[PDB]
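Inspection log for the structure reproduced underneath, given as structure tokens.
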Amino acid sequence: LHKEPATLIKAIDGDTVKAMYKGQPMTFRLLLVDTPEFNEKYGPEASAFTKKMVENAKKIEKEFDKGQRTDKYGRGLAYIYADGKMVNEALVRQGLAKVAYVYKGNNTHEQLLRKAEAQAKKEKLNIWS
Ligand SMILES: Cc1cn([C@H]2C[C@H](OP(=O)(O)O)[C@@H](COP(=O)(O)O)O2)c(=O)[nH]c1=O
Ligand SMILES: [Ca+2]
């Protein structure tokens, strides 16, 4: 896969952000992860982690996988990087997201994220506490 530039409009919650994609404001949904909803346990924490990671970055980038680039809701589906660090992976590593929604042909970073999830589980972090 390859990274490409992204233009952040605003973070929304733990696993969605709003981006300007070819001049269209568009929600992007992070691939391979599920954060809690904002008013569920660890919701506000997952939101804040994603928000600070993308807002405080010098650069956001996105990376499409090989399959669907949009979901049934018109959301873009990507891996998002903040100054080269993958937000999807960081959330899982800190126990703020589960690996989830793994579909064949959009699963390039599956094993990387499962390695992070196992470490968060071993450390009993957040969701796994
Ligand atoms: C992450 C992801 C979610 N989705 C869909 C599955 C769920 O659809 P259904 O709503 O029909 O169950 C929904 C979960 O999104 P959220 O976790 O953002 O609520 O988005 C995809 O189709 N592909 C994906 O890669
Ligand atoms: Ca969610």
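Letters A, B, ... go to the chains of the structure tokens in the order shown; residues in each chain start at 1; ligands are counted from 1 in the same order.
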
Exercise. Just the residues within 7 Å of stretch 75-91 of chain A, please, counting only C-alpha atoms, with nothing from its chain fewer than 4 positions along; format it as a PyMOL selection string.
Key: chain A and resi 26-31+33+50+53-54+57-65+69-71+95-97+113+116

Quiz item: Which chains and residue numbers are within 7 Å of ligand 2, counting only C-alpha atoms and all ligand atoms, if I want them as a count of residues only?
Solution: 5

Practice problem: Within 8 Å of residue A:32, counting only C-alpha atoms, which residues show up once you throw out same-chain ones fewer than 3 positions away? Write them as a list in words, please. | Solution: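 Contacts, in chain order: residues 88, 99, 100, 101, 102, 107, 109, 110 and 113 of chain A.
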
Self-check item: Two-atom distance - atom 6 (C, counted along the ligand's line) of ligand 1, atom CA of residue A:67 (Å)
Solution: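 That distance, rounded to one decimal, is 14.4 Å.
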
Quiz prompt | Which of A:114, A:10, A:72, A:22 sits closest to residue A:52 [using only C-alpha atoms] | solution =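 Among A:114, A:10, A:72, A:22, it is A:10 that comes nearest to residue A:52.
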
Quick one: pick out all strand (DSSP E or B) residues within chain A from a backbone DSSP run and write them as a PDB file with N, CA and C atoms, in the first residue's frame.
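Here's the written file out_5.pdb:
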```
ATOM      1  N   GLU A   4      -0.787   8.576   1.201  1.00  0.00           N
ATOM      2  CA  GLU A   4      -0.983   9.789   0.439  1.00  0.00           C
ATOM      3  C   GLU A   4      -1.469  10.917   1.338  1.00  0.00           C
ATOM      4  N   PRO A   5      -1.386  12.156   0.867  1.00  0.00           N
ATOM      5  CA  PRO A   5      -1.767  13.268   1.738  1.00  0.00           C
ATOM      6  C   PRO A   5      -3.226  13.219   2.133  1.00  0.00           C
ATOM      7  N   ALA A   6      -3.495  13.736   3.325  1.00  0.00           N
ATOM      8  CA  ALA A   6      -4.869  13.909   3.745  1.00  0.00           C
ATOM      9  C   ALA A   6      -5.009  15.276   4.370  1.00  0.00           C
ATOM     10  N   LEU A   8      -7.164  17.128   7.202  1.00  0.00           N
ATOM     11  CA  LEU A   8      -8.075  16.985   8.327  1.00  0.00           C
ATOM     12  C   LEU A   8      -8.975  18.209   8.381  1.00  0.00           C
ATOM     13  N   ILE A   9     -10.276  17.980   8.462  1.00  0.00           N
ATOM     14  CA  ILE A   9     -11.226  19.017   8.858  1.00  0.00           C
ATOM     15  C   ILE A   9     -11.368  18.995  10.379  1.00  0.00           C
ATOM     16  N   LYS A  10     -11.650  17.829  10.956  1.00  0.00           N
ATOM     17  CA  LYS A  10     -11.801  17.704  12.402  1.00  0.00           C
ATOM     18  C   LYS A  10     -11.867  16.216  12.793  1.00  0.00           C
ATOM     19  N   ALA A  11     -11.392  15.850  13.984  1.00  0.00           N
ATOM     20  CA  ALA A  11     -11.709  14.529  14.508  1.00  0.00           C
ATOM     21  C   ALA A  11     -13.159  14.491  14.936  1.00  0.00           C
ATOM     22  N   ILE A  12     -13.782  13.329  14.833  1.00  0.00           N
ATOM     23  CA  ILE A  12     -15.146  13.132  15.246  1.00  0.00           C
ATOM     24  C   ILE A  12     -15.229  12.321  16.529  1.00  0.00           C
ATOM     25  N   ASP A  13     -14.732  11.088  16.502  1.00  0.00           N
ATOM     26  CA  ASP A  13     -14.714  10.275  17.705  1.00  0.00           C
ATOM     27  C   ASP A  13     -13.536   9.323  17.641  1.00  0.00           C
ATOM     28  N   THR A  16     -13.485   7.696  13.873  1.00  0.00           N
ATOM     29  CA  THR A  16     -13.865   8.450  12.666  1.00  0.00           C
ATOM     30  C   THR A  16     -13.316   9.860  12.707  1.00  0.00           C
ATOM     31  N   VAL A  17     -12.941  10.343  11.524  1.00  0.00           N
ATOM     32  CA  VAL A  17     -12.461  11.710  11.362  1.00  0.00           C
ATOM     33  C   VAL A  17     -13.139  12.296  10.129  1.00  0.00           C
ATOM     34  N   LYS A  18     -13.161  13.609  10.046  1.00  0.00           N
ATOM     35  CA  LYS A  18     -13.717  14.306   8.889  1.00  0.00           C
ATOM     36  C   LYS A  18     -12.585  14.893   8.104  1.00  0.00           C
ATOM     37  N   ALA A  19     -12.529  14.565   6.806  1.00  0.00           N
ATOM     38  CA  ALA A  19     -11.404  14.987   5.975  1.00  0.00           C
ATOM     39  C   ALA A  19     -11.928  15.632   4.712  1.00  0.00           C
ATOM     40  N   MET A  20     -11.129  16.507   4.103  1.00  0.00           N
ATOM     41  CA  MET A  20     -11.479  17.068   2.798  1.00  0.00           C
ATOM     42  C   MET A  20     -10.816  16.238   1.729  1.00  0.00           C
ATOM     43  N   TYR A  21     -11.602  15.446   0.997  1.00  0.00           N
ATOM     44  CA  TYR A  21     -11.049  14.490   0.046  1.00  0.00           C
ATOM     45  C   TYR A  21     -11.478  14.969  -1.320  1.00  0.00           C
ATOM     46  N   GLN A  24     -14.172  17.421  -1.202  1.00  0.00           N
ATOM     47  CA  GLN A  24     -15.438  17.041  -0.594  1.00  0.00           C
ATOM     48  C   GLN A  24     -15.241  16.722   0.873  1.00  0.00           C
ATOM     49  N   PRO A  25     -16.053  17.306   1.756  1.00  0.00           N
ATOM     50  CA  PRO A  25     -15.939  16.901   3.172  1.00  0.00           C
ATOM     51  C   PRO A  25     -16.535  15.516   3.324  1.00  0.00           C
ATOM     52  N   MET A  26     -15.805  14.654   4.001  1.00  0.00           N
ATOM     53  CA  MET A  26     -16.094  13.221   3.943  1.00  0.00           C
ATOM     54  C   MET A  26     -15.684  12.648   5.289  1.00  0.00           C
ATOM     55  N   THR A  27     -16.507  11.770   5.834  1.00  0.00           N
ATOM     56  CA  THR A  27     -16.119  11.037   7.025  1.00  0.00           C
ATOM     57  C   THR A  27     -15.265   9.870   6.629  1.00  0.00           C
ATOM     58  N   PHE A  28     -14.131   9.704   7.307  1.00  0.00           N
ATOM     59  CA  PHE A  28     -13.324   8.501   7.167  1.00  0.00           C
ATOM     60  C   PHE A  28     -13.458   7.652   8.430  1.00  0.00           C
ATOM     61  N   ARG A  29     -13.668   6.370   8.195  1.00  0.00           N
ATOM     62  CA  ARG A  29     -13.769   5.369   9.237  1.00  0.00           C
ATOM     63  C   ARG A  29     -12.485   4.569   9.227  1.00  0.00           C
ATOM     64  N   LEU A  30     -11.855   4.476  10.392  1.00  0.00           N
ATOM     65  CA  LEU A  30     -10.591   3.747  10.495  1.00  0.00           C
ATOM     66  C   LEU A  30     -10.774   2.266  10.202  1.00  0.00           C
ATOM     67  N   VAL A  33     -10.613  -1.550  13.150  1.00  0.00           N
ATOM     68  CA  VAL A  33     -10.709  -1.248  14.589  1.00  0.00           C
ATOM     69  C   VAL A  33     -12.141  -0.876  14.948  1.00  0.00           C
ATOM     70  N   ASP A  34     -12.427  -0.976  16.234  1.00  0.00           N
ATOM     71  CA  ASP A  34     -13.681  -0.487  16.797  1.00  0.00           C
ATOM     72  C   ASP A  34     -13.390   0.180  18.122  1.00  0.00           C
ATOM     73  N   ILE A  60      -1.219  14.851   8.503  1.00  0.00           N
ATOM     74  CA  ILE A  60      -1.937  13.593   8.413  1.00  0.00           C
ATOM     75  C   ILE A  60      -1.755  12.940   7.033  1.00  0.00           C
ATOM     76  N   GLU A  61      -1.693  11.617   6.996  1.00  0.00           N
ATOM     77  CA  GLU A  61      -1.727  10.862   5.747  1.00  0.00           C
ATOM     78  C   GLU A  61      -2.783   9.778   5.853  1.00  0.00           C
ATOM     79  N   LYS A  62      -3.310   9.370   4.710  1.00  0.00           N
ATOM     80  CA  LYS A  62      -4.165   8.190   4.674  1.00  0.00           C
ATOM     81  C   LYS A  62      -3.643   7.129   3.727  1.00  0.00           C
ATOM     82  N   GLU A  63      -4.093   5.898   3.940  1.00  0.00           N
ATOM     83  CA  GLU A  63      -3.660   4.760   3.160  1.00  0.00           C
ATOM     84  C   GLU A  63      -4.840   3.868   2.915  1.00  0.00           C
ATOM     85  N   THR A  70     -14.914   2.790   0.259  1.00  0.00           N
ATOM     86  CA  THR A  70     -16.059   3.430   0.908  1.00  0.00           C
ATOM     87  C   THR A  70     -16.928   2.314   1.489  1.00  0.00           C
ATOM     88  N   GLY A  76     -15.349   6.980   3.905  1.00  0.00           N
ATOM     89  CA  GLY A  76     -14.104   6.400   3.421  1.00  0.00           C
ATOM     90  C   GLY A  76     -13.494   5.424   4.404  1.00  0.00           C
ATOM     91  N   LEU A  77     -12.771   4.436   3.886  1.00  0.00           N
ATOM     92  CA  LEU A  77     -12.185   3.396   4.722  1.00  0.00           C
ATOM     93  C   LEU A  77     -10.698   3.451   4.518  1.00  0.00           C
ATOM     94  N   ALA A  78      -9.972   3.788   5.576  1.00  0.00           N
ATOM     95  CA  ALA A  78      -8.515   3.936   5.436  1.00  0.00           C
ATOM     96  C   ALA A  78      -7.784   3.636   6.712  1.00  0.00           C
ATOM     97  N   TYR A  79      -6.477   3.465   6.560  1.00  0.00           N
ATOM     98  CA  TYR A  79      -5.527   3.616   7.698  1.00  0.00           C
ATOM     99  C   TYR A  79      -5.082   5.055   7.740  1.00  0.00           C
ATOM    100  N   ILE A  80      -5.072   5.648   8.930  1.00  0.00           N
ATOM    101  CA  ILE A  80      -4.700   7.060   9.066  1.00  0.00           C
ATOM    102  C   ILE A  80      -3.405   7.142   9.850  1.00  0.00           C
ATOM    103  N   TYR A  81      -2.480   7.993   9.375  1.00  0.00           N
ATOM    104  CA  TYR A  81      -1.165   8.195  10.002  1.00  0.00           C
ATOM    105  C   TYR A  81      -0.995   9.629  10.402  1.00  0.00           C
ATOM    106  N   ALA A  82      -0.513   9.832  11.619  1.00  0.00           N
ATOM    107  CA  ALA A  82      -0.243  11.152  12.158  1.00  0.00           C
ATOM    108  C   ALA A  82       1.270  11.231  12.365  1.00  0.00           C
ATOM    109  N   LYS A  85       2.847   7.814  12.241  1.00  0.00           N
ATOM    110  CA  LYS A  85       2.422   6.808  13.231  1.00  0.00           C
ATOM    111  C   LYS A  85       0.941   6.464  12.940  1.00  0.00           C
ATOM    112  N   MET A  86       0.649   5.181  12.817  1.00  0.00           N
ATOM    113  CA  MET A  86      -0.694   4.775  12.473  1.00  0.00           C
ATOM    114  C   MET A  86      -1.639   4.932  13.654  1.00  0.00           C
ATOM    115  N   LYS A  98     -10.745  -2.284  19.872  1.00  0.00           N
ATOM    116  CA  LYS A  98     -10.552  -3.707  19.542  1.00  0.00           C
ATOM    117  C   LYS A  98     -10.269  -3.829  18.057  1.00  0.00           C
ATOM    118  N   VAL A  99      -9.537  -4.858  17.659  1.00  0.00           N
ATOM    119  CA  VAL A  99      -9.474  -5.235  16.250  1.00  0.00           C
ATOM    120  C   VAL A  99     -10.865  -5.718  15.898  1.00  0.00           C
TER     121      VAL A  99
END
```

Quiz item: Leaving out residue A:94 and any residue of its chain fewer than 4 positions from it, which residues lie within 10 Å of it when counting only C-alpha atoms, given as a list in words?
Solution: residues 46, 49, 89, 90, 98, 116, 117, 119, 120, 121, 123, 124, 125, 126, 127 and 128 of chain A

Quiz item: Mind checking DSSP for chain A and telling me the alpha helix (DSSP H) residues as a PyMOL selection string?
Solution: chain A and resi 43-55+87-93+110-122

Restricted to N, CA, C and O atoms, what would the selected residues look like written as a tab-separated table (two decimals), in the first residue's frame?
```tsv
chain	number	residue	atom	x	y	z
A	43	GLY	N	-15.06	5.49	25.81
A	43	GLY	CA	-15.45	6.36	24.69
A	43	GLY	C	-14.75	7.72	24.67
A	43	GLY	O	-14.21	8.16	23.66
A	44	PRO	N	-14.92	8.47	25.75
A	44	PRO	CA	-14.32	9.79	25.77
A	44	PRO	C	-12.80	9.73	25.66
A	44	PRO	O	-12.17	10.65	25.01
A	45	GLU	N	-12.19	8.73	26.29
A	45	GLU	CA	-10.76	8.49	26.19
A	45	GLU	C	-10.27	8.15	24.78
A	45	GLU	O	-9.30	8.71	24.31
A	46	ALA	N	-11.03	7.28	24.11
A	46	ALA	CA	-10.70	6.93	22.70
A	46	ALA	C	-10.86	8.14	21.83
A	46	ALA	O	-10.00	8.39	20.99
A	47	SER	N	-11.95	8.89	22.00
A	47	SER	CA	-12.13	10.14	21.24
A	47	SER	C	-10.97	11.09	21.44
A	47	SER	O	-10.50	11.72	20.50
A	48	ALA	N	-10.59	11.29	22.71
A	48	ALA	CA	-9.57	12.27	23.01
A	48	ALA	C	-8.21	11.84	22.46
A	48	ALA	O	-7.39	12.67	22.10
A	49	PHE	N	-7.94	10.55	22.51
A	49	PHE	CA	-6.68	10.03	22.00
A	49	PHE	C	-6.56	10.26	20.49
A	49	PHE	O	-5.58	10.81	20.02
A	50	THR	N	-7.59	9.88	19.73
A	50	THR	CA	-7.57	10.11	18.30
A	50	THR	C	-7.52	11.60	17.97
A	50	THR	O	-6.74	12.00	17.11
A	51	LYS	N	-8.29	12.39	18.70
A	51	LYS	CA	-8.37	13.83	18.43
A	51	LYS	C	-7.03	14.50	18.64
A	51	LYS	O	-6.54	15.23	17.79
A	52	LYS	N	-6.38	14.21	19.75
A	52	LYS	CA	-5.09	14.80	19.99
A	52	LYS	C	-4.02	14.27	19.04
A	52	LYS	O	-3.21	15.02	18.54
A	53	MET	N	-4.08	13.00	18.69
A	53	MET	CA	-3.07	12.46	17.82
A	53	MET	C	-3.16	13.09	16.42
A	53	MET	O	-2.13	13.47	15.88
A	54	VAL	N	-4.37	13.22	15.86
A	54	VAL	CA	-4.50	13.86	14.54
A	54	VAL	C	-4.40	15.39	14.56
A	54	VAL	O	-3.82	15.97	13.66
A	55	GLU	N	-4.94	16.04	15.58
A	55	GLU	CA	-4.85	17.51	15.60
A	55	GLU	C	-3.44	18.00	15.86
A	55	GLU	O	-3.05	19.08	15.38
A	87	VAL	N	-2.68	5.73	13.46
A	87	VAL	CA	-3.67	5.92	14.53
A	87	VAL	C	-4.38	4.61	14.83
A	87	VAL	O	-4.59	4.28	16.00
A	88	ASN	N	-4.69	3.83	13.81
A	88	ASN	CA	-5.44	2.57	14.02
A	88	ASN	C	-4.65	1.67	14.97
A	88	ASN	O	-5.20	1.10	15.92
A	89	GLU	N	-3.36	1.52	14.71
A	89	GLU	CA	-2.50	0.70	15.56
A	89	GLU	C	-2.33	1.25	16.96
A	89	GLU	O	-2.38	0.50	17.94
A	90	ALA	N	-2.18	2.57	17.07
A	90	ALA	CA	-1.94	3.16	18.37
A	90	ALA	C	-3.14	2.99	19.31
A	90	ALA	O	-3.00	2.70	20.49
A	91	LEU	N	-4.35	3.11	18.75
A	91	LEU	CA	-5.55	2.93	19.54
A	91	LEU	C	-5.59	1.50	20.07
A	91	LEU	O	-5.93	1.27	21.23
A	92	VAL	N	-5.31	0.53	19.22
A	92	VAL	CA	-5.38	-0.86	19.65
A	92	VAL	C	-4.30	-1.12	20.69
A	92	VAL	O	-4.54	-1.78	21.69
A	93	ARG	N	-3.10	-0.59	20.46
A	93	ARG	CA	-2.02	-0.83	21.39
A	93	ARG	C	-2.27	-0.28	22.79
A	93	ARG	O	-1.84	-0.86	23.78
A	110	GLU	N	-3.82	-6.51	9.33
A	110	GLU	CA	-4.47	-7.31	10.37
A	110	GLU	C	-3.47	-7.80	11.40
A	110	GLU	O	-3.70	-7.70	12.60
A	111	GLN	N	-2.44	-8.48	10.97
A	111	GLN	CA	-1.55	-9.12	11.96
A	111	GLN	C	-0.81	-8.08	12.83
A	111	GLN	O	-0.63	-8.30	13.94
A	112	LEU	N	-0.44	-6.96	12.24
A	112	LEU	CA	0.18	-5.86	13.00
A	112	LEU	C	-0.76	-5.40	14.11
A	112	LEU	O	-0.35	-5.25	15.25
A	113	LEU	N	-2.04	-5.26	13.79
A	113	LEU	CA	-3.01	-4.80	14.79
A	113	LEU	C	-3.30	-5.92	15.80
A	113	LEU	O	-3.47	-5.65	16.99
A	114	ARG	N	-3.31	-7.18	15.39
A	114	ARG	CA	-3.52	-8.25	16.37
A	114	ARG	C	-2.35	-8.38	17.32
A	114	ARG	O	-2.53	-8.75	18.48
A	115	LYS	N	-1.13	-8.08	16.86
A	115	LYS	CA	0.02	-8.07	17.75
A	115	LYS	C	-0.14	-6.96	18.82
A	115	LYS	O	0.07	-7.19	20.01
A	116	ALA	N	-0.58	-5.78	18.39
A	116	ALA	CA	-0.83	-4.70	19.32
A	116	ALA	C	-1.93	-5.07	20.31
A	116	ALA	O	-1.79	-4.81	21.50
A	117	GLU	N	-2.99	-5.73	19.83
A	117	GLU	CA	-4.11	-6.05	20.70
A	117	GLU	C	-3.69	-7.05	21.76
A	117	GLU	O	-4.11	-6.94	22.90
A	118	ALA	N	-2.86	-8.02	21.39
A	118	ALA	CA	-2.40	-9.01	22.36
A	118	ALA	C	-1.58	-8.34	23.45
A	118	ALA	O	-1.65	-8.77	24.61
A	119	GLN	N	-0.77	-7.35	23.08
A	119	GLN	CA	0.04	-6.66	24.08
A	119	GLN	C	-0.84	-5.83	25.01
A	119	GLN	O	-0.65	-5.85	26.24
A	120	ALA	N	-1.89	-5.20	24.46
A	120	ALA	CA	-2.81	-4.43	25.31
A	120	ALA	C	-3.55	-5.38	26.26
A	120	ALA	O	-3.76	-5.06	27.43
A	121	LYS	N	-3.91	-6.57	25.77
A	121	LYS	CA	-4.59	-7.57	26.61
A	121	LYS	C	-3.69	-8.07	27.71
A	121	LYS	O	-4.10	-8.15	28.88
A	122	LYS	N	-2.45	-8.40	27.36
A	122	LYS	CA	-1.46	-8.86	28.36
A	122	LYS	C	-1.25	-7.83	29.49
A	122	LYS	O	-1.13	-8.18	30.67
```

Quiz item: Rounded to one decimal in Å, what is the spacing between atom CA of residue A:103 and atom CA of residue A:3?
Solution: 20.4 Å

Quiz item: How far is it from atom 19 (O, counted along the ligand's line) of ligand 1 to atom CA of residue A:66, in Å with one decimal?
Solution: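 One can read the atom 19 (O, counted along the ligand's line) of ligand 1 to atom CA of residue A:66 distance as 21.7 Å.
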